[PDB]
């Protein structure tokens, strides 16, 4: 029941962010929430081309790196690449079919587009520091440690996408599909979208930043300068992305948008909390693999763990959730220089 151009003349200022009438005319002279137009405008102002960044000295740097530091650097990079691959396509596939206001539809497409640029920047780095990129790319798919840390991301998107197709195809109600009873609840689909967004928020605001810290640890040593420039550019974009998800989530929570979404956010709040706690643990467990061959001065399991708790508390407070970790000062204040 999805349509690429709804024929009903509707007031786009009165539609909910999600599950309303599919967006027909793409107009940018007005909006229900100007924050999304501001984000589009900002993201477009930050346009950059990865291949332009000089990474010619990164190969020399990387090669001269101690084997365990090469492991740390490359493992971190492979994970970042995995996340960008997923983020380049997922916002579009999972959210586009559910958006009902123009400013948000375009923001998602612009956000997704910027992620593909991030993916392109990683190919630029990889092909300029290793002999055969295929070994790195193939390992991204097979490496159990990497998939372990990312476990739950693709699965959630996939479930939302499948439920969305059922909704568009069958509509609300209880159906019989190949002799099986299939329930299609809009309320349940809204919950799935809401939690998916919370998961994306944790991905954008936590997972990416933990990886930035690892990348910048080398920048502090005056090594991998090209990669550092790229990470700074990526981080600038990620800041906009997480601002977008925090606003989507807090607007839904306020009750100023879909009233039902406000109820759902409230009733499903323990689930929001649980997903952050789980994401944090996954980022922490990754330390065992990252530092399996040894750690670096100023970068080890303890420091990584401390940073995960530090940033997780900050991000959770931003969306109104209780803090799971003990409060503490930034364990790596040097990262500010790069953000």
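Numbering follows the first chain given and starts at 1.
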| query | finding |
| --- | --- |
| Residue stretch of maximal mean CA temperature factor, 176-184 vs 108-116 | 176-184 |
| Comparing 167-175 with 242-250, the one whose average Cα B-factor in the PDB entry is higher | 167-175 |
| Largest Cα B-factor, entry values, listed residues 272, 35, 297, 311 | 297 |
| From 158, 103, 84, 222, residue of greatest CA B-factor | 222 |
| B-factor third for the C-alpha atom of residue 7 within its chain | highest |
| Third assignment of residue 281 from its chain's C-alpha B-factors | middle |
| Record-listed C-alpha B factor of residue 212: chain third | middle |
| Among modelled residues of the same chain, the CA temperature factor third for residue 329 | highest |
| Third assignment of residue 79 from its chain's C-alpha B-factors | lowest |
